[PDB]
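Trainee: Can you keep this structure in mind? I'll have questions shortly.
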Amino acid sequence: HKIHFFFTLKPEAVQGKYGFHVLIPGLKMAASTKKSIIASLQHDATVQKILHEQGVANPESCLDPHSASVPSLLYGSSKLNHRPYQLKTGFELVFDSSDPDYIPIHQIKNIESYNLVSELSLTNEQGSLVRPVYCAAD
Amino acid sequence: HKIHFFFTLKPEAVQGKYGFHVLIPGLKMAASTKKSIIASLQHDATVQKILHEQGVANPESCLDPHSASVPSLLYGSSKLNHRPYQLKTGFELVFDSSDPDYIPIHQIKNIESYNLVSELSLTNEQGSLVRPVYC
């Protein structure tokens, strides 16, 4: 399977407030699976030690558990009086069942020549790049 | 630590014969260690099955046990009546002992802008890109 990762960053840090989004359009699961995954990520030591040198005051509260409930912004849209999240870079990942311990990560090329809003849509199923990976229907 | 990998491929295959080189100038170990490593690879079933779908007859016999003893061709050189191996891809790897299970692999960018003969030297210790990792 091919899994794509996108990191859209806030244009500027206002009064010491920052953030970014992680989008996985092709991968498909249930709400309970997303809740379990989000609960797992809150206790990841690796992420925390990554964040400590970044100036993060509280890495534990950085992840919002409501990410499985809130409807998601389309790409390019934004909140009132808030700038749109600018895409920093996008990574592609290839996962195989034969070799679970081999995890390749590479940047996506020619990203600027592609329909970003179409590909980044969570419910989209006709993305030319992002393809739907049907997982278990919980 | 940073580890660099280089893959110089034979320009063409004669009578079903192919070959290439894997060079690790950054690594610095003993010859006995190199022999042990070569012995380890000769029984690696993963590489054998990788070559299995390549049209390769005997992947077990592809490794030369003498590679740690025979003097190595400098880059650009060749054997008599033999075209020199052409560099196809160049890889760099980042090793961190804190997380041994995280292995980032990325191709090197703009290798054509660097002194390939100087960098790919197995005995050189002043490589601009290849850094001497004493092991």
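As shown in the structure tokens, the chain order sets the letters A, B, ...; within each chain, residues go from 1, and ligands are also counted from 1 in the order they appear.
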Excluding range 19-36 of chain B and its own-chain neighbours fewer than 6 positions away, which residues fall within 9 Å of it when counting only C-alpha atoms? Please give them as a VMD selection string.

Mentor: chain B and resid 2 to 10 13 62 65 to 69 85 to 86 119 to 125 127 130 to 135

Trainee: I'd like a table as JSON lines: residues in chain A with an atom no more than 9 Å from chain B, each row giving the shortest atom pair and its distance in Å to one decimal, only C-alpha atoms counted, sorted by chain and rising residue number.

Mentor:
```
{"residue": "A:101", "atom": "CA", "partner": "B:101", "partner_atom": "CA", "distance": 8.2}
{"residue": "A:102", "atom": "CA", "partner": "B:103", "partner_atom": "CA", "distance": 8.5}
{"residue": "A:103", "atom": "CA", "partner": "B:103", "partner_atom": "CA", "distance": 8.0}
{"residue": "A:104", "atom": "CA", "partner": "B:105", "partner_atom": "CA", "distance": 7.3}
{"residue": "A:105", "atom": "CA", "partner": "B:104", "partner_atom": "CA", "distance": 7.5}
{"residue": "A:106", "atom": "CA", "partner": "B:106", "partner_atom": "CA", "distance": 7.6}
```

Trainee: Only C-alpha atoms, please: the residues just picked out, written as a PDB file, in the first residue's frame.

Mentor:
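What ended up in selection31.pdb:
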```pdb
ATOM      1  CA  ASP A 101      10.103  -3.662   9.647  1.00  0.00           C
ATOM      2  CA  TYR A 102      11.054  -1.766   6.462  1.00  0.00           C
ATOM      3  CA  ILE A 103       9.507   1.712   6.482  1.00  0.00           C
ATOM      4  CA  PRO A 104      10.551   3.970   3.577  1.00  0.00           C
ATOM      5  CA  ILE A 105       9.746   7.686   3.663  1.00  0.00           C
ATOM      6  CA  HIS A 106      10.202  10.067   0.734  1.00  0.00           C
TER       7      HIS A 106
END
```

Trainee: What's the 8 Å shell around range 79-87 of chain A, counting only C-alpha atoms, without same-chain residues fewer than 6 positions away, as number ranges by chain?

Mentor: A: 6-11, 20

Trainee: Could you take the residues named above and write them with C-alpha atoms, as a compact mmCIF listing (two decimals), in the first residue's frame?

Mentor:
```txt
# COMPACT_ATOMS: atom_id res chain seq x y z
CA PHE A 6 0.86 16.08 4.41
CA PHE A 7 1.96 18.75 6.88
CA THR A 8 0.22 22.12 6.54
CA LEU A 9 1.78 24.80 8.75
CA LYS A 10 0.44 28.04 10.16
CA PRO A 11 1.87 31.01 8.23
CA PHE A 20 0.12 22.20 11.94
```

Trainee: Mind checking DSSP for range 43-122 of chain B and telling me the strand (DSSP E) residues as JSON, numbers by chain?

Mentor: {"B": [86, 87, 88, 89, 90, 91, 92, 93, 94, 105, 106, 107]}

Trainee: Identify, on the basis of only C-alpha atoms, every residue whose closest approach to residue 117 in chain B does not exceed 10 Å; exclude the query and any residue fewer than 6 positions from it along the same chain; express the result as a ChimeraX atom specification.

Mentor: /B:74-77

Trainee: As a VMD selection string, please: every residue in chain B that a backbone DSSP assignment puts in helix (DSSP H, G or I).

Mentor: chain B and resid 31 to 41 45 to 52 59 to 61 65 to 68 111 to 113 116 to 119

Trainee: Could you check the closest approach to residue 65 in chain A for each of A:31, A:94, A:45, A:50 and tell me which residue wins, using only C-alpha atoms?

Mentor: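 The closest residue to residue 65 in chain A is A:31.
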
Trainee: Show me, as a ChimeraX atom specification, the residues that have an atom within 12 Å of residue 111 in chain A when counting only C-alpha atoms, minus same-chain residues fewer than 6 positions from it.

Mentor: /A:4,6,87-92,117,119-120,128-130

Trainee: For a test of reading the model, state the distance in Å between CA of residue 42 in chain B and CA of residue 17 in chain B, rounded to one decimal.

Mentor: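 Separation between CA of residue 42 in chain B and CA of residue 17 in chain B: 19.0 Å.
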
Trainee: Mind giving me the straight-line distance from CA of residue 5 in chain A to CA of residue 56 in chain A in Å, one decimal?

Mentor: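 Separation between CA of residue 5 in chain A and CA of residue 56 in chain A: 22.3 Å.
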
Trainee: Write out as a PyMOL selection string each polymer residue whose atoms come within 10 Å of residue 66 in chain A, counting only C-alpha atoms; drop sequence neighbours fewer than 5 positions from it.

Mentor: chain A and resi 34-35+38+71

Trainee: Take the residues just selected and output them with C-alpha atoms as a JSON list (two decimals), in the first residue's frame.

Mentor:
```json
[["chain", "number", "residue", "atom", "x", "y", "z"],
["A", 34, "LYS", "CA", -9.25, 7.23, 15.05],
["A", 35, "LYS", "CA", -10.05, 7.77, 18.73],
["A", 38, "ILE", "CA", -5.30, 9.65, 18.92],
["A", 71, "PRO", "CA", -15.44, 18.36, 10.29]]
```
